[PDB]
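structure_16.txt (compact mmCIF, C-alpha atoms and all ligand atoms)
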# COMPACT_ATOMS: atom_id res chain seq x y z
CA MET A 1 10.46 -4.99 -14.32
CA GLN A 2 11.18 -8.29 -12.57
CA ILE A 3 9.16 -10.04 -9.86
CA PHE A 4 9.67 -13.24 -7.86
CA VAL A 5 7.03 -15.95 -7.52
CA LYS A 6 7.78 -17.93 -4.36
CA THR A 7 6.02 -21.19 -3.52
CA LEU A 8 5.84 -22.02 0.19
CA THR A 9 8.43 -24.73 -0.59
CA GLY A 10 10.87 -21.83 -0.92
CA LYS A 11 10.89 -22.43 -4.70
CA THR A 12 11.45 -19.03 -6.35
CA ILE A 13 10.85 -18.35 -10.05
CA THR A 14 11.99 -15.15 -11.78
CA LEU A 15 9.50 -13.47 -14.12
CA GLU A 16 9.80 -10.50 -16.47
CA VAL A 17 6.60 -8.45 -16.12
CA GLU A 18 5.26 -4.90 -16.52
CA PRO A 19 2.89 -2.96 -14.15
CA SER A 20 0.24 -3.22 -16.89
CA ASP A 21 0.36 -7.04 -16.79
CA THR A 22 -2.86 -8.59 -15.49
CA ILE A 23 -2.72 -11.48 -13.02
CA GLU A 24 -4.18 -13.51 -15.91
CA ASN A 25 -1.11 -12.57 -17.97
CA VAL A 26 1.19 -13.31 -15.03
CA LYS A 27 -0.27 -16.81 -14.68
CA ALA A 28 0.19 -17.37 -18.43
CA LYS A 29 3.82 -16.25 -18.02
CA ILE A 30 4.25 -18.84 -15.26
CA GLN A 31 2.77 -21.50 -17.57
CA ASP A 32 5.30 -20.46 -20.24
CA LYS A 33 8.16 -21.15 -17.84
CA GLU A 34 7.23 -23.78 -15.25
CA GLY A 35 4.37 -25.38 -17.19
CA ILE A 36 1.71 -25.10 -14.46
CA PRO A 37 -1.67 -24.42 -16.19
CA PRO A 38 -3.26 -21.12 -15.02
CA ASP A 39 -6.30 -23.19 -13.99
CA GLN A 40 -4.17 -24.80 -11.26
CA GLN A 41 -2.51 -21.50 -10.29
CA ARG A 42 -3.60 -19.35 -7.34
CA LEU A 43 -1.41 -16.27 -6.86
CA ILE A 44 -1.33 -14.50 -3.49
CA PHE A 45 0.18 -11.16 -2.50
CA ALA A 46 -0.10 -9.34 0.84
CA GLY A 47 -2.27 -12.30 1.87
CA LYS A 48 -4.95 -11.72 -0.75
CA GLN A 49 -5.59 -14.16 -3.57
CA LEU A 50 -4.99 -11.91 -6.58
CA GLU A 51 -7.83 -11.67 -9.10
CA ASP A 52 -7.23 -12.25 -12.82
CA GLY A 53 -8.77 -9.00 -14.07
CA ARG A 54 -6.51 -6.80 -11.93
CA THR A 55 -3.03 -5.59 -12.91
CA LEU A 56 0.13 -5.56 -10.77
CA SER A 57 -0.22 -1.76 -10.55
CA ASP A 58 -3.71 -2.18 -9.11
CA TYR A 59 -2.19 -4.29 -6.34
CA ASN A 60 0.68 -1.76 -6.11
CA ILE A 61 3.05 -4.72 -6.52
CA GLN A 62 6.44 -3.01 -6.80
CA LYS A 63 9.63 -3.73 -8.76
CA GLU A 64 11.31 -6.87 -7.35
CA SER A 65 8.40 -7.63 -5.03
CA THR A 66 7.46 -11.23 -4.26
CA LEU A 67 4.28 -13.13 -5.15
CA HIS A 68 3.21 -16.49 -3.69
CA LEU A 69 1.97 -19.48 -5.70
CA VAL A 70 -0.46 -22.09 -4.34
CA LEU A 71 -1.67 -25.06 -6.41
CA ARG A 72 -5.27 -26.22 -6.90
CA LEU A 73 -5.71 -29.96 -7.48
CA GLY B 1 11.76 30.26 -1.22
CA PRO B 2 9.66 27.06 -0.73
CA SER B 3 9.73 25.63 2.81
CA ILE B 4 11.04 22.11 3.40
CA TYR B 5 7.77 20.93 4.95
CA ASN B 6 6.53 17.62 3.49
CA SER B 7 3.20 15.83 3.93
CA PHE B 8 3.82 12.80 1.73
CA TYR B 9 5.73 9.70 2.81
CA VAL B 10 6.68 6.67 0.71
CA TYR B 11 8.85 3.59 1.09
CA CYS B 12 12.12 3.75 -0.86
CA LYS B 13 13.32 0.27 -1.82
CA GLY B 14 16.72 1.43 -3.09
CA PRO B 15 18.93 2.62 -1.70
CA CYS B 16 17.12 4.03 1.35
CA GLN B 17 15.45 0.67 2.15
CA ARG B 18 13.32 2.67 4.64
CA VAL B 19 10.39 5.10 4.82
CA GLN B 20 11.40 8.54 3.52
CA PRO B 21 9.42 11.74 2.64
CA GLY B 22 7.92 11.65 -0.85
CA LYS B 23 7.45 13.81 -3.95
CA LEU B 24 4.03 14.17 -5.60
CA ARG B 25 3.91 14.25 -9.41
CA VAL B 26 1.10 14.36 -11.99
CA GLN B 27 0.40 13.60 -15.66
CA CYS B 28 -2.26 13.17 -18.30
CA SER B 29 -3.49 9.62 -17.70
CA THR B 30 -3.73 9.27 -21.48
CA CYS B 31 -0.35 10.49 -22.83
CA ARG B 32 1.55 9.79 -19.58
CA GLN B 33 3.06 13.24 -20.20
CA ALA B 34 3.34 16.20 -17.82
CA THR B 35 0.72 18.15 -19.76
CA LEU B 36 -2.39 17.79 -17.58
CA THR B 37 -3.58 21.19 -16.33
CA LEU B 38 -5.64 20.39 -13.24
CA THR B 39 -9.04 22.08 -12.84
CA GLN B 40 -8.59 22.16 -9.05
CA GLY B 41 -5.50 20.90 -7.20
CA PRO B 42 -5.88 17.87 -4.85
CA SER B 43 -7.22 18.51 -1.34
CA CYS B 44 -7.49 15.02 0.16
CA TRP B 45 -5.59 11.76 -0.35
CA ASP B 46 -8.62 10.35 -2.19
CA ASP B 47 -7.81 12.81 -4.98
CA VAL B 48 -4.32 11.38 -5.49
CA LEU B 49 -5.26 7.72 -5.03
CA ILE B 50 -8.64 7.16 -6.71
CA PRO B 51 -7.91 6.98 -10.48
CA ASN B 52 -9.55 9.30 -13.02
CA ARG B 53 -10.84 11.19 -9.97
CA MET B 54 -9.03 14.43 -10.80
CA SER B 55 -10.02 16.18 -14.04
CA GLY B 56 -8.36 18.76 -16.31
CA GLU B 57 -7.16 19.23 -19.90
CA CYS B 58 -4.04 17.71 -21.43
CA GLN B 59 -2.16 20.44 -23.28
CA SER B 60 -1.00 18.11 -26.05
CA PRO B 61 -3.11 18.41 -29.26
CA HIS B 62 -2.89 14.65 -29.82
CA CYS B 63 -4.40 13.63 -26.47
CA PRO B 64 -8.16 13.58 -25.73
CA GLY B 65 -7.06 13.37 -22.08
CA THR B 66 -9.33 14.70 -19.34
CA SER B 67 -7.99 12.82 -16.30
CA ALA B 68 -4.91 13.21 -14.08
CA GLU B 69 -2.64 10.39 -12.90
CA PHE B 70 -0.72 10.90 -9.65
CA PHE B 71 2.58 9.16 -8.93
CA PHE B 72 4.97 9.44 -5.97
CA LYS B 73 8.77 9.39 -5.89
CA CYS B 74 11.40 9.54 -3.13
CA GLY B 75 12.38 12.87 -1.58
CA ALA B 76 15.97 12.05 -0.63
CA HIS B 77 17.86 11.21 -3.86
CA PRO B 78 17.90 11.87 -7.65
CA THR B 79 14.84 9.90 -8.77
CA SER B 80 14.55 8.59 -12.33
CA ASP B 81 11.20 9.12 -14.06
CA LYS B 82 10.64 5.36 -13.64
CA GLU B 83 11.42 5.15 -9.90
CA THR B 84 7.97 5.34 -8.30
CA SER B 85 7.69 4.40 -4.62
CA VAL B 86 4.45 3.23 -3.01
CA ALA B 87 2.86 6.07 -1.05
CA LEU B 88 1.84 5.16 2.49
CA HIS B 89 -1.15 7.44 2.85
CA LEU B 90 -1.90 6.94 6.55
CA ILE B 91 1.42 8.50 7.56
CA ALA B 92 1.28 12.24 8.22
CA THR B 93 3.47 14.98 9.73
CA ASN B 94 2.31 15.67 13.29
CA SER B 95 1.78 19.42 12.89
CA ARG B 96 -1.15 19.10 15.31
CA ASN B 97 1.20 17.66 17.97
CA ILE B 98 -0.78 14.59 19.05
CA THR B 99 0.19 11.59 21.16
CA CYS B 100 1.07 8.06 20.10
CA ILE B 101 -1.83 6.06 21.50
CA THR B 102 0.58 3.37 22.72
CA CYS B 103 3.40 5.57 23.96
CA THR B 104 1.72 8.90 24.88
CA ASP B 105 4.51 11.03 23.39
CA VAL B 106 4.48 13.69 20.68
CA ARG B 107 6.36 12.07 17.78
CA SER B 108 6.43 12.75 14.02
CA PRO B 109 5.64 11.43 11.56
CA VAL B 110 2.65 9.41 12.80
CA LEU B 111 0.18 6.92 11.31
CA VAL B 112 -3.48 7.93 11.48
CA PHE B 113 -5.90 4.99 11.49
CA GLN B 114 -9.12 5.18 9.49
CA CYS B 115 -11.10 4.28 12.61
CA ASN B 116 -14.11 6.47 13.39
CA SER B 117 -12.04 8.61 15.79
CA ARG B 118 -9.12 8.98 13.34
CA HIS B 119 -6.63 7.69 15.93
CA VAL B 120 -2.94 8.55 15.78
CA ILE B 121 -0.07 6.18 16.52
CA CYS B 122 3.62 6.88 15.94
CA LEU B 123 5.59 4.64 13.58
CA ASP B 124 7.71 3.13 16.37
CA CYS B 125 4.68 1.94 18.34
CA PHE B 126 2.96 0.89 15.12
CA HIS B 127 6.06 -1.23 14.45
CA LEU B 128 5.73 -3.00 17.81
CA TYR B 129 1.98 -3.39 17.20
CA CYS B 130 2.63 -5.17 13.90
CA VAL B 131 5.54 -7.23 15.23
CA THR B 132 3.59 -8.69 18.17
CA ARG B 133 0.43 -9.24 16.11
CA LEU B 134 2.12 -10.77 13.06
CA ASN B 135 4.07 -13.42 15.00
CA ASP B 136 1.09 -14.11 17.30
CA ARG B 137 -0.82 -14.89 14.08
CA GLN B 138 -3.30 -12.24 15.25
CA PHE B 139 -3.36 -10.55 11.85
CA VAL B 140 -6.84 -10.50 10.29
CA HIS B 141 -7.44 -12.33 7.02
CA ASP B 142 -10.32 -10.80 5.08
CA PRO B 143 -10.24 -12.76 1.76
CA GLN B 144 -11.33 -9.58 -0.03
CA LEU B 145 -8.49 -7.46 1.37
CA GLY B 146 -5.66 -9.75 2.49
CA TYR B 147 -3.59 -9.99 5.69
CA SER B 148 -4.09 -6.78 7.71
CA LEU B 149 -4.69 -5.16 11.11
CA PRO B 150 -7.38 -2.73 12.40
CA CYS B 151 -7.11 0.17 14.85
CA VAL B 152 -4.79 -0.73 17.73
CA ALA B 153 -7.63 0.50 19.96
CA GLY B 154 -9.78 -2.16 18.27
CA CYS B 155 -12.06 0.41 16.61
CA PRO B 156 -14.40 -1.14 13.97
CA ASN B 157 -14.16 -0.63 10.18
CA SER B 158 -10.52 0.42 10.48
CA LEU B 159 -8.63 -2.44 8.80
CA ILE B 160 -5.64 -1.03 6.91
CA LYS B 161 -6.55 -1.03 3.22
CA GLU B 162 -3.13 -0.23 1.72
CA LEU B 163 -1.20 -3.32 2.77
CA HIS B 164 2.14 -1.71 1.83
CA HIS B 165 1.96 0.10 5.18
CA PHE B 166 3.30 -3.20 6.55
CA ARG B 167 6.74 -2.36 5.20
CA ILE B 168 7.10 -0.66 8.60
CA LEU B 169 7.81 -4.23 9.74
CA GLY B 170 11.28 -4.01 8.22
CA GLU B 171 12.50 -6.26 5.44
CA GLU B 172 12.81 -9.48 7.47
CA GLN B 173 9.46 -9.08 9.25
CA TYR B 174 7.73 -7.79 6.10
CA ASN B 175 8.93 -10.81 4.10
CA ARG B 176 7.51 -12.97 6.91
CA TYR B 177 4.22 -11.08 6.73
CA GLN B 178 4.15 -11.99 3.03
CA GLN B 179 4.64 -15.65 3.94
CA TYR B 180 2.33 -15.59 6.98
CA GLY B 181 -0.40 -13.97 4.87
CA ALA B 182 -0.12 -16.62 2.14
CA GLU B 183 -0.03 -19.40 4.76
CA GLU B 184 -3.15 -18.11 6.51
CA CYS B 185 -4.86 -17.54 3.15
CA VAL B 186 -4.62 -21.24 2.29
CA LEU B 187 -5.71 -22.47 5.73
CA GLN B 188 -8.76 -20.21 6.02
CA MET B 189 -9.64 -21.11 2.42
CA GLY B 190 -10.00 -24.65 3.77
CA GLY B 191 -6.80 -25.59 1.95
CA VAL B 192 -3.80 -27.31 3.54
CA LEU B 193 -0.03 -27.00 3.50
CA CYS B 194 2.30 -30.00 3.18
CA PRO B 195 2.77 -31.68 6.60
CA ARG B 196 6.14 -33.06 5.44
CA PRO B 197 9.16 -31.10 6.84
CA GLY B 198 10.96 -28.95 4.24
CA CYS B 199 7.90 -28.86 1.97
CA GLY B 200 5.16 -26.60 3.37
CA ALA B 201 3.80 -26.42 -0.21
CA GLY B 202 0.27 -24.99 -0.20
CA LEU B 203 -2.46 -27.18 -1.71
CA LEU B 204 -6.14 -26.56 -2.42
CA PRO B 205 -7.68 -30.08 -2.64
CA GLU B 206 -11.19 -31.05 -3.79
CA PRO B 207 -13.65 -29.60 -1.20
CA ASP B 208 -14.69 -33.07 0.01
CA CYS B 209 -11.55 -35.23 -0.15
CA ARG B 210 -9.52 -36.71 2.73
CA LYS B 211 -6.75 -37.94 0.41
CA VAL B 212 -4.34 -35.16 -0.61
CA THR B 213 -1.31 -35.90 -2.79
CA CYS B 214 1.23 -33.07 -2.78
CA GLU B 215 1.80 -32.87 -6.54
CA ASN B 216 5.47 -29.88 -13.98
CA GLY B 217 7.10 -31.88 -11.18
CA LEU B 218 6.95 -29.50 -8.22
CA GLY B 219 5.22 -31.56 -5.52
CA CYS B 220 6.28 -33.05 -2.18
CA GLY B 221 5.43 -35.54 -3.37
CA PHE B 222 3.54 -37.16 -0.48
CA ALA B 223 -0.05 -38.23 0.25
CA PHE B 224 -1.76 -37.37 3.54
CA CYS B 225 -5.01 -37.07 5.49
CA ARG B 226 -6.78 -33.71 5.16
CA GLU B 227 -7.76 -34.14 8.82
CA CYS B 228 -5.16 -35.71 11.12
CA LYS B 229 -2.34 -34.87 8.67
CA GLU B 230 -0.96 -38.42 8.45
CA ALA B 231 -0.40 -40.78 5.51
CA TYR B 232 -3.92 -41.28 4.10
CA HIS B 233 -5.59 -44.20 5.88
CA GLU B 234 -8.86 -46.05 5.27
CA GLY B 235 -8.98 -46.24 9.09
CA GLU B 236 -10.06 -43.61 11.64
CA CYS B 237 -8.16 -40.39 12.47
CA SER B 238 -6.58 -39.27 15.77
CA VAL B 239 -5.06 0.20 25.31
CA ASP B 240 -5.37 3.17 27.67
CA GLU B 241 -8.79 4.80 27.24
CA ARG B 242 -7.41 8.24 28.17
CA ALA B 243 -4.53 7.94 25.68
CA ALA B 244 -7.11 7.09 23.01
CA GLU B 245 -8.92 10.38 23.69
CA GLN B 246 -5.70 12.42 23.50
CA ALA B 247 -4.71 10.51 20.35
CA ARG B 248 -7.40 11.70 17.93
CA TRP B 249 -6.37 13.58 14.77
CA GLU B 250 -9.36 15.90 15.30
CA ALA B 251 -9.20 16.62 19.04
CA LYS B 252 -6.14 28.31 10.78
CA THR B 253 -9.30 29.90 9.30
CA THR B 254 -8.15 32.71 6.97
CA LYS B 255 -4.82 34.44 6.34
CA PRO B 256 -4.05 37.59 4.24
CA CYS B 257 -2.34 37.27 0.85
CA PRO B 258 1.32 38.46 0.53
CA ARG B 259 0.09 41.15 -1.90
CA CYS B 260 -3.54 42.37 -1.74
CA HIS B 261 -3.31 41.50 1.98
CA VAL B 262 -7.00 40.57 1.87
CA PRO B 263 -7.91 37.43 3.91
CA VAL B 264 -8.42 34.19 1.96
CA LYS B 265 -8.67 28.17 2.69
CA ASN B 266 -9.70 25.52 0.15
CA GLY B 267 -9.93 22.27 2.13
CA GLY B 268 -6.42 20.88 2.52
CA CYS B 269 -5.34 22.30 -0.84
CA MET B 270 -2.35 24.52 -0.08
CA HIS B 271 -2.67 26.28 -3.44
CA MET B 272 -4.22 29.69 -2.72
CA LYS B 273 -5.24 32.33 -5.27
CA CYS B 274 -5.56 36.00 -4.31
CA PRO B 275 -9.20 36.92 -5.12
CA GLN B 276 -8.43 40.60 -5.87
CA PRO B 277 -8.17 41.32 -9.66
CA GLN B 278 -5.06 43.54 -9.58
CA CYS B 279 -3.42 40.84 -7.47
CA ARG B 280 -4.54 37.35 -8.57
CA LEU B 281 -1.50 35.67 -7.00
CA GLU B 282 -0.88 31.95 -6.54
CA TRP B 283 0.62 31.39 -3.09
CA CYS B 284 1.39 28.52 -0.71
CA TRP B 285 -0.43 28.50 2.64
CA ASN B 286 2.53 26.88 4.41
CA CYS B 287 5.65 27.95 2.48
CA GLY B 288 4.21 31.46 2.16
CA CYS B 289 5.81 32.05 -1.25
CA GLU B 290 4.46 32.04 -4.82
CA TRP B 291 3.04 28.64 -5.80
CA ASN B 292 5.95 26.64 -7.21
CA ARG B 293 7.18 23.16 -8.17
CA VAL B 294 8.77 22.21 -4.84
CA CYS B 295 5.63 23.26 -2.93
CA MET B 296 3.59 21.04 -5.28
CA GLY B 297 5.97 18.10 -4.76
CA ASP B 298 6.43 18.46 -0.99
CA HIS B 299 2.86 19.28 0.07
CA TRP B 300 0.34 20.12 -2.65
CA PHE B 301 -2.19 19.28 0.05
CA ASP B 302 -2.13 18.70 3.81
CA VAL B 303 -4.04 16.39 6.18
ZN ZN C 401 14.67 7.32 -0.85
ZN ZN C 402 -2.33 13.66 -22.71
ZN ZN C 403 4.94 5.68 19.84
ZN ZN C 404 -9.24 3.89 16.79
ZN ZN C 405 4.61 -30.95 -0.30
ZN ZN C 406 -6.61 -39.25 9.41
ZN ZN C 407 -2.78 39.48 -3.08
ZN ZN C 408 4.41 25.15 0.15
Have the structure of the file written as structure tokens, please.
Amino acid sequence: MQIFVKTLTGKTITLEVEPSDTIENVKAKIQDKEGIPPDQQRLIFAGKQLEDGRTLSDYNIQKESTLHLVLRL
Amino acid sequence: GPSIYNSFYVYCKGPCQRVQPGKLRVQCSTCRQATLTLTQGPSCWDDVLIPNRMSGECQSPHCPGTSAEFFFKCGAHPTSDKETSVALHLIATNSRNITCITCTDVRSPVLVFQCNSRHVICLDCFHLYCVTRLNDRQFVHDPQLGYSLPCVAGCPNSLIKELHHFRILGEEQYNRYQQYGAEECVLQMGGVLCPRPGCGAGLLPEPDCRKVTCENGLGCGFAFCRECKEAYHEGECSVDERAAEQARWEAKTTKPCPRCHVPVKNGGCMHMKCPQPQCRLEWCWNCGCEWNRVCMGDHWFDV
């Protein structure tokens, strides 16, 4: 499936994922595209900071749903 | 035939883009095939939500499968095997005929809160409840759950766990809720958003640091005070109580079988089996017919 990672800037990145993908994998996928290290990445959905050892299915994140990215400095 | 009563509601993203009745489906959690023969059919929602909670035996020889996986699909269009909708599990058909706590009318379907009194609100009122609260930034932020709301009546321990219930906001308001939740998450984390207009980019600076530079090149990029939100300076900064009673989800016993006509209910599980040996029929408590596929899909269990 495909999800959208939106920064609060409005900046939207398109990612190809699967429900089995862990947040850890998702962050690595973001690093592969944008180049932001996962260590600086904090992904939020439904207003919860998503944990690395949970999958998109765990968070019930649906096809073409939208994640939020916040940076740690 | 099987009655067109349904107990399960989902949110269809395409093309219904609204909340529709849902179909319940099941599989061996191991082979992802339709081969799991359930020991006992589901009776509560917990059975169809908590994973590996329902047990059985996968009929494939290759599987060692012993657990059932429950998925939900739309109940309004031809659904591909891949098209799973998120099941909103607080929504139920108002068979009991109860009253929206906000609007004091019998409506259906309704959303039953997990508050201690199992309060009922209709979806329309729930909508207004979420719309006012969301924009008034009066949504709760539990860092362990996310952005949510409790019982309208303010009951304790009632915060909505499945945050997909907030699709009742509608696409514009839901998308906002997604933003508002992320915004509030950063702030309450002690993080800051960009003060510059057209940026708003969330930042989580070093716990003790007044100098925040909004910075791949994806930053503001602008430096500011973590306090007064100016360019970093070395200088100094600058519900009706009655309607709540009549809106409780708990405020049929036994029926004879269509054959042995001997009286028989297993929790909310609508799958009934005639106990008499010359009978031994599988029948639906609601539909009234012989246990079938549609009955399974529409209302395997009831609330
Ligand atoms: Zn639909
Ligand atoms: Zn199997
Ligand atoms: Zn209402
Ligand atoms: Zn309540
Ligand atoms: Zn910025
Ligand atoms: Zn200052
Ligand atoms: Zn019988
Ligand atoms: Zn039935």
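Going from atom CA of residue B:221 over to atom CA of residue A:72, you cover 14.6 Å.
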message: as a PyMOL selection string, could you give me every residue of chain B near chain A (at most 10 Å apart, counting only C-alpha atoms)?
response: chain B and resi 13+83-87+140-148+162-164+166+174-175+177-186+191+193-194+197-206+212-220
task: Could the residues that lie within 12 Å of ligand ZN 403 (chain C), counting all atoms listed in the file, be listed as a ChimeraX atom specification?
output: /B:98-111,120-129,152,243,247
statement: Computed gap from atom CA of residue B:26 to atom CA of residue B:256 is 28.8 Å
- request: Can you pull out every residue within 9 Å of residue A:54, counting all atoms listed in the file, but drop anything in the same chain fewer than 5 positions away, and send it as number ranges by chain?
  value: A: 21-24, 59
message: With only C-alpha atoms as the counted atoms, please give the residues lying no more than 10 Å from residue B:18, apart from itself and same-chain residues fewer than 5 positions off, as a PyMOL selection string.
response: chain B and resi 10-13+167-168+170-171
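For the set B:76, B:281, B:58, B:48, the residue with the smallest atom-to-atom gap to ligand ZN 401 (chain C) is B:76, counting all atoms listed in the file.
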task: Could I get the residue neighbourhood of ligand ZN 408 (chain C) at 6 Å, counting all atoms listed in the file, as a PyMOL selection string?
output: chain B and resi 2-3+284+286-287+295
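Using only C-alpha atoms for every distance, the candidate list B:173, B:196, B:293, B:264 yields B:196 as the residue closest to residue B:224.
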field: Nearest to ligand ZN 404 (chain C) by atom-to-atom distance, counting all atoms listed in the file, from B:149, B:115, B:225, B:303
entry: B:115
